[PDB]
Amino acid sequence: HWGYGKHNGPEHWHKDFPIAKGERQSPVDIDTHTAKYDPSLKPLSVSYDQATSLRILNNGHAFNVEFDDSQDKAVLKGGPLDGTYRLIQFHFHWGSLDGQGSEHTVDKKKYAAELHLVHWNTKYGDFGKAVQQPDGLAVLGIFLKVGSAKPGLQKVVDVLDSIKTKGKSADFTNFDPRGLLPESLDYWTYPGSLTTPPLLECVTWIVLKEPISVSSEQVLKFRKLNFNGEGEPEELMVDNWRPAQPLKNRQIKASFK
Ligand SMILES: [Zn+2]
């Protein structure tokens, strides 16, 4: 039912998902004047050498690259996190134009896109159990700006033509998610939610300060995808981002000075 249209987009999600009006919704604007450096925050640790990508899928709202999360092959630890979080999928949100597309903003600035690397806490034993808990998920969010090409993104861009419409998928093995990281892993963190329905308040957000650069050619490939299924009227998969939600009572902490 839900999507990003005038009729079914973020403004309306609360009708079927009333947590959309909740106290810990994502994304948020990150005000660098109030998001204070916290010298107790630890560095992020990613152990991705055994990461095992399986498939890439157009699910009608984005494309997901899915990973084998049956063992500790690709894990996020440290930062604000207690214990071990396994990578299950990554996906992006992006705009129709370069000046919009990110979900998080930084002093109201919107980036061209935002990458989300979705991990779940092995405390809970599978993703479905994890999403029911406040400490269930950790999502690493990485901004994209348009400039030089990102070499590590090219493998993704090169298969998007094979999953144009909703429901299409392709084999996608041997993808290295380290290739999507920026050089600095300085971050902001706060407690929040999934940014699509069901909007569950189960996420420790970790949003990197440093954007990655992608080329105009790369992000243009994103914008050729379709929200629709095969044989339906074309609706380009663009502006699949939720806008900033109220911070309410929450604290955003910065890992860096
Ligand atoms: Zn996302």
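Sequence positions for chain A are given in Swiss-Prot numbering; the residues included correspond to 4-260, in order.
Cβ atoms are placed via backbone N, Cα and C, with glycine included.
Taking Cβ-Cβ distances under 8 Å and a sequence gap of 6 or more within the same chain, the neighbours of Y7 (site 'Fine-tunes the proton-transfer properties of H-64') are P13, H64, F230, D242, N243, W244. The annotation site 'Fine-tunes the proton-transfer properties of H-64' is assigned in Swiss-Prot to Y7 (among others) on the grounds of a curator's inference.
Per Swiss-Prot, site 'Fine-tunes the proton-transfer properties of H-64' is recorded for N62 (among others), and the stated evidence type is experimental evidence. Within its own chain, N62 (site 'Fine-tunes the proton-transfer properties of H-64') has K169, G170 as residues 6 or more apart in sequence whose C-beta sits under 8 angstroms from its own.
For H64, the entry in Swiss-Prot reads active site, proton donor/acceptor. The Cβ neighbour count for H64 (active site, proton donor/acceptor), using a 10 Å radius and every protein chain shown, is 17.
Summarising the annotation, Swiss-Prot assigns site 'Fine-tunes the proton-transfer properties of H-64' to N67 (among others). Under the three-state DSSP scheme, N67 (site 'Fine-tunes the proton-transfer properties of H-64') falls in the strand class. For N67 (site 'Fine-tunes the proton-transfer properties of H-64'), the count of additional Cβ atoms within 10 Å of its Cβ stands at 19 [all protein chains shown].
Neighbour count (other Cβ atoms within 10 Å of the Cβ, all protein chains): 26 for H96 (Zn(2+) binding site). Among the features that Swiss-Prot reports, Zn(2+) binding site is placed at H94, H96, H119.
In this structure, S165 (phosphoserine) is part of a helix by DSSP. The phosphoserine annotation in Swiss-Prot covers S165 (among others) and is backed by a large-scale study or a structure entry.
The phosphoserine feature in Swiss-Prot is assigned to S172 (among others); the stated evidence is a large-scale study or a structure entry. In the three-state DSSP scheme, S172 (phosphoserine) falls into the strand class.
Just so you know, the Cβ of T198 (substrate binding site) picks up 24 other Cβ atoms within 10 Å once every protein chain is counted. DSSP classifies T198 (substrate binding site) as coil under the three-state reduction. Summarising the annotation, Swiss-Prot assigns substrate binding site to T198, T199 and lists experimental evidence as the type of evidence.
In this structure, of the recorded positions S165, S172, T199, the smallest number of CB atoms within 10 A of the CB marks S165. For the pair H96 (Zn(2+) binding site) and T199 (substrate binding site), the C-alpha distance works out to 11 angstrom.
Around the Cβ of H94 (Zn(2+) binding site), the number of neighbouring Cβ atoms within 10 Å comes to 20. Restricting the recorded positions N67, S165, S172, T198 to those with a CA within 10 Å of the CA of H94 (Zn(2+) binding site) leaves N67, listed by sequence position. Taking the mean position of the Cβ atoms of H94, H96, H119 as the Zn(2+) site, the remaining residues of that chain whose Cβ falls within 8 Å of it are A65, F93, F95, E106, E117, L118, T198.
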